[PDB]
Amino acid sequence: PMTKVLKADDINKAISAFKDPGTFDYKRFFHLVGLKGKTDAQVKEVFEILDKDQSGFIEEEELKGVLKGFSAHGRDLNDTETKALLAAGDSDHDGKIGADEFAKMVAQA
């Protein structure tokens, strides 16, 4: 559950900001949810909840469901929003987000 790391109200604030399709911005999202300023081990705890099938990577299918990892009231990301997350975070160009790529995205937000 994300409340092991993040405040319940910050999660709801961030879900509200992105309730409508096409609005996602990863930098604003990590600022609103309070993931900035957390330790490397807390960020990797969040990474592990988002990696639903426990493959060690957030594949595109799971990137689409990133907001639902924080709240069941969230919506799915559309394909333009999912591609923008790979454009910004997929450093080694293998088409998915690894743990240190995810930690980097949080660091640069």
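All residue numbers are counted from 1 along the displayed sequence.
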- Select between 56-64 and 22-30 the stretch whose C-alpha atoms have the higher average B-factor in the entry. 56-64
- Query: Per the entry, which of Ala109, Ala103, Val5, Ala8 tops the list for Cα B factor?
  - Reply: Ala109
- Query: According to the PDB entry, is the CA B factor of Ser91 in the bottom, middle or top third of its chain, that is, lowest, middle or highest?
  - Reply: highest
- Message: Per the entry's values, where does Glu45 land by CA temperature factor relative to the rest of its chain, in the lowest, middle or highest third?
- Response: highest
- Message: Test of reading the entry: by CA B factor among the chain's modelled residues, which third contains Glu81?
- Response: lowest
